[PDB]
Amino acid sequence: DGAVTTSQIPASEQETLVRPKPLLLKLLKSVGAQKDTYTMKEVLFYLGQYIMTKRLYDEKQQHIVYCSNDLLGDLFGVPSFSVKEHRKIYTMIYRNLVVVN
């Protein structure tokens, strides 16, 4: 299973095991995820998959994602965001999941 690491977020935090809520789980499965429980790295991996495959990044500024009017925009609750602002991105993903025990 794919996973991505960032240098901006503590390791132990990236390794948290989590259970996506239904909308998020549906998004992940739409890009090939098979399971119900993931580390946060694996969640970041499949969301990268999704952004890429729907070409949500802006053609001119490819670090800006326009998620407005898209399921991702629903989940995150913003029209757009920068892929450089990782803590921000973790904050947005968190309300869409439950931590496992």
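Residue positions are given as counts along the sequence shown, with the first one as 1.
Higher mean CA B-factor, judged across 49-57 and 29-37 from the recorded values: 29-37. Looking at the C-alpha B-factors along this chain, the one for residue 93 belongs to the lowest third. Per the deposited record, the Cα B-factor of residue 9 falls in the lowest third when ranked against the other modelled residues of its chain. In the deposited entry, the Cα temperature factor of residue 83 sits in the bottom third of values across the chain's modelled residues. Residue-level temperature factors show residue 18 in the lowest third of its chain, judged at the C-alpha atom.
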